[PDB]
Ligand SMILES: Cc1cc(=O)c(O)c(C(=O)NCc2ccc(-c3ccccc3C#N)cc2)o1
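Presented as C-alpha cells, the chain that follows is alone, the form deposited without the ligand.
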C-alpha cells in the first residue's frame, strides 16, 4: 500500500524563507513562521490566507500551537519567544531569558508549559500563565535543534548539533537519558512518537532513526534523502497509512513506510530546501515549507 499525495494548494505571501509550518490541533488552521519576522495563518482545507501576526524584531525559526488551538508560541533570532492569542493576533507574553537565537519550541499537552531550545545551548521551561521561566536546563554543548514533550508531558526530548538526544524529567529537570549511536553526527531534529514509546531523530548524515526510548536502542533507519546541513522537521503520519514524513535538501518531501523503511513517495514542486513538513491531525494533508529561493508553503492531499 502507498499514499497518493498530490499538490492541492500553494501558499504564497512570505517574503523570506519559511522556517516552520504546524497544523492547529483542531485541524482548522496552519501556522507558518518565517525569516521575514512574521507568522501567517492559513485555512488548513482551502489554503486561504487568514491573517499576519507580527511583533518579533528579527526572523523566526519555529512556531507551535497550544492544545486548544487558541495560542501560538514562536521562537526568534531576537532572543525571545512570544505567546500569541491567535484570534486577535495579539502578543500576550514575551518570554525573555535566552542569550542567543531561540531555535525551537513546543507546548506540553496540558499547555500550561512551553519548552524552548536555543543557540545558547540551554533548554528552558516556561510557565504559560505567568510567562516566568521555571527551569533553565544546561542541556547541551552546542545549539539545541529540537525540543518536544511526550504524551503526558512528563518528559522532554531535546537534540543538539553536539550529537546528543537527551530526555529530561519535566518536573525535576533531571537528565534521565542520553541517546547516541556509535558515532556523533549532529542531531538536527527529534520528537516522540504519538504513543510516547519511540523517538524519531534526524542526523546530518542523511539519516532518520526510530529509537525505542525505554530500551534505548535504534530500531529502524530511513535513508535515501539529502540532509547534511539544515534542521529539517520530520513527522509520524498516522491519519491513513503509517508513514514517516520529512523534508530534504534536494527540494523534495520524502515519505517512507514506517515498518518497511522503503521510500513510498517523493513530492516534487518546491524549488529550494524543504525545511519543514507537518501532518494534519485528522485528515491526510501534509504541509511543506521551503527556504529563501522558494518562499512557498504547499498543501498536499492523499486518499490514504
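Positions refer to the first chain, counted from 1.
Separately, the form solved in complex with the ligand exists; it is not shown, and the next lines address it.
- Contact annotation for residue 193: at least one heavy atom lies within 4.5 Å of the ligand in the deposited complex.
- Of the heavy atoms in residue 213, none are within 4.5 Å of the ligand in the deposited complex.
- Although the partner is absent here, residue 236 is a contact residue: one of its heavy atoms lies within 4.5 angstroms of the ligand in the deposited complex.
- By the criterion of a heavy atom within 4.5 Å, residue 26 is excluded from the residues contacting the ligand in the deposited complex.
- Looking at 237-245, 39-47, 64-72, 262-270, the stretch with residues near the ligand in the deposited complex, meaning non-hydrogen atoms within 4.5 angstroms, turns out to be 237-245.
- Checking 217, 151, 132, 90 for any heavy atom within 4.5 Å of the ligand in the deposited complex turns up a single hit: 151.
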